[PDB]
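S.K.: How does the following fold in three dimensions:
(one chain, ligands or ions: 2)
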Amino acid sequence: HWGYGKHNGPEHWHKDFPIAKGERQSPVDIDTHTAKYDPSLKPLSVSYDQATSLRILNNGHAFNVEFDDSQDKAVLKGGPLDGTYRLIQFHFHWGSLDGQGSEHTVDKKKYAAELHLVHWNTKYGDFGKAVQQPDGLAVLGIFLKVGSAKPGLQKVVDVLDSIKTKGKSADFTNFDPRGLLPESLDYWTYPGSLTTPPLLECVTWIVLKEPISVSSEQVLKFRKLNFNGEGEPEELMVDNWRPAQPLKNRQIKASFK
Ligand SMILES: CC1(C)OC(c2ccc(S(N)(=O)=O)cc2)=C(c2cccc(F)c2)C1=O
Ligand SMILES: [Zn+2]
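M.R.: Numbers count the residues shown, from 1 in each chain. Ligands and ions are numbered 1, 2, ... in the order given. There you are, the coordinates:
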């Protein structure tokens, strides 16, 4: 039932999922007066060499690139829990115009889109057991701003034409997610939640300081997707983002000065 419409969007989710009003919900605004530099934070490193992409899918509220997460060398490492996190999936959230679309904000600034690279902490065995733990997932969040094109994004935005409607799936092998990363891996981190139902508070959020630049042509391709299935009335897939939630007692930590 849940979606991003007026009558089933973020403001409605709490009715089915009471945790929507919990103590560790995401996304949040990152106020740069209040993030505390933490010299103990382990810097991020990626081993995406053997990351093995499988397929890309339109599930009716986003598109997901699925990975073979049995590749034990394809991991994100570091962060507050010094974790080793298996890459399993990535997806985006975006807006109906360039001035909005991101889920996290920085000093209340919204970006055009946000990329979420989803990983599960290997010490919990599989993604299913991981989402039961407060630090079970590491989601690497990366802001998208409009400017020059991102060459590593081209394979992603171009295949979207093949999965325009809900339910469409396409083989998507040999995609290298290193092509989606900015130069710097300086980051903010805080304990939070999935930003869609079931809104489980199982995420160590790692949000990169540096946005990637993508072209207007690239972002437009996001907005050609459909929420609806083939033959149904056309509803363009836009504004599939949850707004910032109460920070409550949490401290946002910065890896950088
Ligand atoms: C249904 C349930 C629990 O929700 C999510 C989910 C993940 C990330 C986000 S988000 N937007 O990044 O916070 C929101 C939701 C997954 C999931 C998806 C891909 C890989 C994985 F290991 C788990 C689930 O299995
Ligand atoms: Zn997401």
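S.K.: need the helices for the stretch 1-150 of the chain, in chain order.
M.R.: According to DSSP state H, counting those that start in this stretch, the stretch 1-150 of the chain carries its helices in the segments 127-130.
S.K.: Report the contact partners of the residue of it found nearest ligand 1.
M.R.: Each residue of the stretch 1-150 of the chain has a distance to ligand 1, by C-beta to the nearest ligand atom, and the smallest belongs to residue 127, at 3.2 Å. C-beta: built from backbone N, CA, C; applies to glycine. For residue 127, the residues meeting the contact criterion (C-beta atoms under 8 Å, 6 or more residues apart in numbering) are 69, 86, 88, 120, 137.
S.K.: rerun that using 7 Å as the cut-off
M.R.: For residue 127, the residues meeting the contact criterion (C-beta atoms under 7 Å, 6 or more residues apart in numbering) are 88, 120.
S.K.: Which residues of this protein lie near ligand 1?
M.R.: Within the chain, the positions near ligand 1 by C-beta under 6 Å from any ligand atom are 88-89, 116, 118, 120, 127, 131, 139, 194-196, 198, 200.
S.K.: Just the buried ones out of the residues you listed, please.
M.R.: In terms of neighbour count (16 or more other C-beta atoms under 10 Å), the buried residues within the residues of the chain next to ligand 1 are 88, 89, 116, 118, 120, 127, 131, 139, 194, 195, 196, 200.
S.K.: so which of these comes closest to residue 146?
M.R.: When these are ranked by distance to residue 146 (C-beta to C-beta), residue 116 comes first, at 18.7 Å.
S.K.: what bridges to that closest one?
M.R.: residue 91, residue 141 (DSSP bridges).
S.K.: tell me the contacts of it?
M.R.: Contact partners of residue 116, counting by C-beta under 7 Å, 6+ apart, are 90, 91, 139, 141.
S.K.: Would you quantify the distance from the third one to residue 229?
M.R.: Distance of residue 139 to residue 229, computed by C-beta to C-beta, to the nearest Å: 28 Å.
S.K.: before we move on, what about the last one?
M.R.: To residue 229, residue 141 is 29 Å away according to C-beta to C-beta.
S.K.: Quick check: nearest residue in space to residue 57, chain neighbours excluded?
M.R.: Excluding the flanking residues, the one nearest residue 57 by C-beta to C-beta, 6 or more residues apart in numbering is residue 169, at 4.7 Å.
S.K.: just residue 148 next, same as before
M.R.: If you skip the residues right next to it in sequence, residue 148 has residue 213 as its closest partner in space, 4.9 Å away by C-beta to C-beta, 6+ apart.
S.K.: just residue 89 next, same as before
M.R.: Taking C-beta to C-beta, 6+ apart, and ignoring the residues beside it in sequence, residue 89 has residue 118 as its nearest neighbour in space, at 4.6 Å.
S.K.: Next, the contact list for the one you found, please.
M.R.: So, once contact is read as C-beta under 7 Å, 6+ apart, residue 118 ends up touching 88, 89, 90, 137, 139.
S.K.: what's the answer for residue 110, then?
M.R.: Under the criterion of C-beta under 7 Å, 6+ apart, the neighbours of residue 110 are 99, 100, 101, 102.
S.K.: same thing with residue 52?
M.R.: Contacts of residue 52 were listed using C-beta under 7 Å, 6+ apart, and they are 67, 68, 71, 74.
S.K.: Now with 8 Å, please.
M.R.: Residue 52 sits next to 67, 68, 71, 74, 173 when contact means C-beta under 8 Å, 6+ apart.
S.K.: burial count for the last one?
M.R.: When you say that, I think you mean residue 173. Around residue 173 sit 9 other residues, with neighbours defined as other C-beta atoms under 10 Å.
S.K.: now the fourth one
M.R.: By the measure other C-beta under 10 Å, the count of residues near residue 74 is 22.
S.K.: so what's it closest to, chain neighbours aside?
M.R.: Nearest-residue entry for residue 74: residue 51, 4.2 Å, with adjacent residues in sequence omitted and distances by C-beta to C-beta, 6+ apart.
S.K.: State the distance from that neighbour to residue 130.
M.R.: Computed as C-beta to C-beta, the residue 51 to residue 130 distance reads 18 Å.
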